[PDB]
Amino acid sequence: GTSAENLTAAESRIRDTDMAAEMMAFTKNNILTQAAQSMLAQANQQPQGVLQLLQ
Amino acid sequence: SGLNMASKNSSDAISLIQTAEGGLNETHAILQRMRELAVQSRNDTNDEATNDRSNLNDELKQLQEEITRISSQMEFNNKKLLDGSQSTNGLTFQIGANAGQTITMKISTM
Amino acid sequence: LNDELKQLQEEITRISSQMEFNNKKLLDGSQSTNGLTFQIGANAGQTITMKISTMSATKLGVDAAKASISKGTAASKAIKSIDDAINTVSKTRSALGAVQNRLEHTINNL
Amino acid sequence: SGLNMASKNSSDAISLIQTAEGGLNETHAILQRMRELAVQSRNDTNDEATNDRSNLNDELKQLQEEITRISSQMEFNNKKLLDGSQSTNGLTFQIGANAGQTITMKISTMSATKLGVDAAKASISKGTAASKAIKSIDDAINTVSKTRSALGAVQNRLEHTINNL
Amino acid sequence: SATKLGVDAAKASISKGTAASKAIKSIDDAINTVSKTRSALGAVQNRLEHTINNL
Amino acid sequence: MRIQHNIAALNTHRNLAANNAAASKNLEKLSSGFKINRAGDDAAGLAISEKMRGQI
């Protein structure tokens with residue numbers, strides 16, 4: 001029983017994930033995704049030099 | 001990256017050490033039982049003729065087989081610990097990002 | 001982990017000898033002999049020479065012949081070897097970025 | 001155009017490799033179950049007379065049919081992977097615009113016969129045979145872990161390749 | 001059925017004292033046989049679970 | 001230079017794709033409850049976990 005509990009703890013620490021750290025990373029990546037979305041929406045509007053030609 | 005991996009390695013070493021200590025707790029227990037058996041066997045109320053002490057010797061022999069079994073059937077990640085494998089050179093844990101930031105450890109035959 | 005390391009060493013060599021600009025191998029040692037010359041002026045002699053070193057695993061002492069992690073001992077040397085390689089490639093990147101920043105000012109003046 | 005198509009090809013290779021790894025995860029699982037069954041069969045509380053071990057052997061035979069089934073019924077785009085088809089020459093991925101910018105890969109046969117766990121050498125009818133079956137199952141688990149590592153390395157390489165492309 | 005397992009009334013009466021002797025053994029054999037069949041079914045169930053995961 | 005190609009948008013698209021991929025990996029790790037779902041996640045540790053599960 002003692003050995004099984006100790007090895008279970010070891011295997012948990014090796015393979016299982018901490019919820020808090022992954023939550024942090026996921027929120028960070030979502031915020032970065034939104035930022036890149038807005039930046040791309042701006043960059044698509046940036047090349048508008050049609051007022052050179054017409055008037 | 002090195003510091004985080006060293007934290008991981010230190011936790012792994014803690015797990016290994018906990019395994020060995022848990023192994024030795026039962027050694028303590030059965031040693032206490034063996035001492036109790038010897039103190040009882042030591043008295044002259046018991047007869048060798050009618051097999052009073054040979055039953056305590058049966059008990060003692062089984063506990064000696066168990067104290068040897070715990071020694072040479074304990075392992076962490078397929079690594080015998082309490083046999084004398086690590087008493088020759090020792091287990092080295094990397095507890096630092098850079099090279100040489102190590103600690104050596106040794107466990108005797110039990 | 002050695003499987004992983006060998007694949008990453010094949011990739012570090014692949015990036016070296018499969019990089020090209022206009023059918024011109026850059027990170028192999030082709031330009032380390034004489035160098036690339038850019039004409040940044042109207043008249044003759046208004047040039048700048050540049051050189052790029054070989055950035056393969058053999059040159060940086062991290063190829064599998066000297067950076068295996070089969071053992072525990074070899075990883076000790078591998079850590080230092082990898083640190084030296086990181087510093088060297090940082091140096092080369094700095095050398096490139098300096099010429100880039102120079103060429104910007106040159107374009108403004110032109 | 002070559003670099004973009006090579007990025008596409010690298011992603012396709014990643015998909016293939018993910019398929020094979022997902023195939024081998026269940027191999028791991030049923031191997032664990034088989035080891036548990038053997039360790040239980042190994043004890044002398046169980047009787048051959050009243051069919052205690054033959055039911056665990058029923059279970060074991062079904063799991064051996066499943067470990068073979070996963071091997072020779074896995075496919076990506078009508079391409080058998082875990083049979084030994086690619087162990088002869090190997091799958092070649094073009095990860096570059098020009099000619100020769102390739103990587104070769106190989107996948108071994110992962111059936112019960114190759115791993116020494118088929119019913120001809122891993123029965124648990126007796127108490128003695130379970131002794132060998134435990135070690136046989138451990139060897140098989142280690143081998144399939146090795147193969148999974150070999151696949152994941154190429155996956156991680158292809159990721160960096162895609163970034164560079 | 002009872003006929004297949006040798007426990008039908010034509011061979012497992014307990015009218016007498018002697019017939020109960022055979023009936024006990026007959027019932028034991030039947031219990032073992034139906035346990036065997038249940039094991040055979042459960043094996044296929046456990047296989048199909050892994051199959052579903054892989055699919 | 002001006003119209004036919006817009007390189008800033010290409011770079012932004014690259015970074016957006018990378019961020020989406022990382023978020024998807026994190027979602028996988030959170031739903032599964034395990035840090036190692038593939039061997040590409042971690043090779044040395046998958047084997048250790050399997051051996052430890054067998055021992056348990």
Side-chain angles (χ1 to χ4, degrees), chain B residues 1-9 92-102, chain C residues 1-21 24-33 35 50-98, chain D residues 6 10 93 95-96 100-106 146 149-165, chain F residues 39-47:
Chain B
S1 84
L3 289 160
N4 273 308
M5 187 52 55
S7 199
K8 191 253 175 202
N9 286 331
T92 308
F93 309 116
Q94 180 75 15
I95 50 152
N98 295 109
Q101 317 201 341
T102 58
Chain C
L1 297 153
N2 213 310
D3 287 328
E4 209 83 347
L5 191 78
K6 284 147 63 181
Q7 294 298 126
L8 295 170
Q9 291 172 88
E10 294 295 326
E11 192 63 22
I12 194 167
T13 307
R14 192 204 74 76
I15 294 158
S16 157
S17 85
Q18 294 182 6
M19 180 56 59
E20 63 185 342
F21 187 88
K24 188 164 287 204
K25 302 286 97 177
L26 304 169
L27 317 182
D28 289 345
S30 295
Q31 323 308 337
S32 178
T33 298
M50 194 161 168
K51 293 190 181 200
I52 307 157
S53 159
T54 309
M55 314 311 305
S56 46
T58 298
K59 196 71 161 189
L60 305 163
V62 67
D63 58 303
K66 296 175 268 287
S68 50
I69 65 179
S70 293
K71 306 328 178 191
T73 46
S76 190
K77 295 136 62 165
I79 293 154
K80 191 164 177 188
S81 295
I82 292 156
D83 287 297
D84 289 345
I86 295 156
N87 291 338
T88 297
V89 299
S90 296
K91 200 184 185 285
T92 314
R93 270 191 100 176
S94 84
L96 302 170
Chain D
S10 311
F93 309 116
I95 50 152
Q101 316 201 341
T102 59
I103 64 175
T104 316
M105 194 161 168
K106 293 190 181 200
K146 200 184 185 285
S149 84
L151 302 170
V154 178
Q155 189 177 27
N156 288 347
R157 180 181 174 165
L158 291 158
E159 282 153 24
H160 291 120
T161 298
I162 287 150
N163 294 349
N164 186 49
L165 291 160
Chain F
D41 292 335
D42 174 278
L46 183 65

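Below, chains carry the letters A, B, ... as their sequence lines are ordered, and counting in each starts from 1.
- The backbone N or O of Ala150(D) sits nowhere less than 3.5 Å from a side-chain atom of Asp3(C) that would complete a donor-acceptor pair.
- With a 4.5 Å cut-off on side-chain heavy atoms, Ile15(C) and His160(D) do not count as touching.
- By the 4.5 Å heavy-atom criterion applied to side chains, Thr13(C) and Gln9(C) are not counted as neighbours.
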With a cut-off of 3.5 Å and sequence neighbours excluded, list every side-chain donor-acceptor pair involving residues 52-70 of chain C.
residue	atom	partner	partner atom	Å
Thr54(C)	OG1	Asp28(C)	O	3.1
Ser70(C)	OG	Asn2(C)	ND2	3.2

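- Between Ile103(D) and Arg157(D), the closest side-chain pair of non-hydrogen atoms falls below 4.5 Å.
- Among residues two or more places apart in sequence or in another chain, the side-chain contact (heavy atoms from CB on, under 4.5 Å) test is passed with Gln31(C) by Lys24(C), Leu36(C).
- Between the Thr88(C) side chain and the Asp84(C) main chain, a donor and an acceptor come within less than 3.5 Å of each other.
- In this structure the side chain of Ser90(C) reaches within 4.5 angstrom of the side chain of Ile86(C), judged on heavy atoms.
- Smallest separation of non-hydrogen atoms from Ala6(B) and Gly96(B): CB-N, 3.5 Å.
- Not counting sequence neighbours, the partners of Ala39(F) by the side-chain contact (heavy atoms from CB on, under 4.5 Å) test are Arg148(D), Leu46(F).
- Environment of CG in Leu3(B): sparse, with no more than 12 heavy atoms of neighbouring residues, nucleotides or ligands closer than 6.0 Å.
- In this structure a side-chain-to-backbone donor-acceptor pair under 3.5 Å is missing from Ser16(C) to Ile12(C).
- In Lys25(C), the NZ atom is crowded: over 12 heavy atoms of neighbouring residues, nucleotides or ligands sit closer than 6.0 Å.
- A donor-acceptor contact closer than 3.5 angstrom is absent between the side chains of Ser149(D) and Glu4(C).
- Few gaps surround NZ on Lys8(B); more than 12 heavy atoms of other groups in view lie less than 6.0 Å from it.
- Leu5(C) CG to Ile82(C) CD1: the interatomic distance, rounded to the nearest 0.5 Å, is 6.5 Å.
- Under the 4.5 Å side-chain criterion, counting only non-hydrogen atoms from C-beta, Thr161(D) is in contact with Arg14(C).
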